[PDB]
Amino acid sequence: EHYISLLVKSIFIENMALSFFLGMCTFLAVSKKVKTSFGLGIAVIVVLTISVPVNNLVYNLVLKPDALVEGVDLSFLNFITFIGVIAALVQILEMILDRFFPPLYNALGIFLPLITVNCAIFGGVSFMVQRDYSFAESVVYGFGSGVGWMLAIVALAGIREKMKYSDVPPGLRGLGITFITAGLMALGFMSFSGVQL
């Protein structure tokens, strides 16, 4: 299946967190609790699965050169439109925390608004315009990219929770060790480096 292959590639081979190194800021910050990480990954998946396909239509129906008119190429509106679309969906996500305020509005805090700037969300949309992903491919890529990010964040939270039984030097505790963990985690994701879609 072409779709199954794209989906596996966007999770494991092209893991936005551990393969492309996108979205590291929230990934290294909110990684402490698996539950919070799972909620964020779930929230990130929803945002990605909606953002890429929405931008696909806007680019191919409006912003693609010679789409609206012959000789008019409003491609230059690509960066602003995509981020704006991602940003719009974030406000709804913030509003939605009326049901999930305890687990995520508070755990994320300042970072809930910043989910709009995760490189994974912007980067994923950018790859959909360089490549030639159909709308069906756009959904599989967006969902696939999100799932790969959630696996890493949920995995990094699992490792961090396991490490409560550790004697980490102070000064390295928290951000310093987390950077080393992601660097070590990326080593094991290099198992997919050669894989061919």
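Heads up: residue numbers just count along the shown sequence, starting at 1.
The question of which stretch, 165-173 or 144-152, has the higher mean Cα B factor is settled in favour of 165-173.
Per the PDB record, of the two stretches 119-127 and 94-102, 94-102 carries the greater mean B-factor over its C-alpha atoms. Of the candidates 157, 69, 29, 42, the deposited coordinates give 69 the top C-alpha B factor. Ranked by Cα temperature factor within the chain, residue 37 sits in the lowest third according to the deposited record. Remark: residue 8 belongs to the lowest third of its chain, ranked by C-alpha B-factor as recorded.
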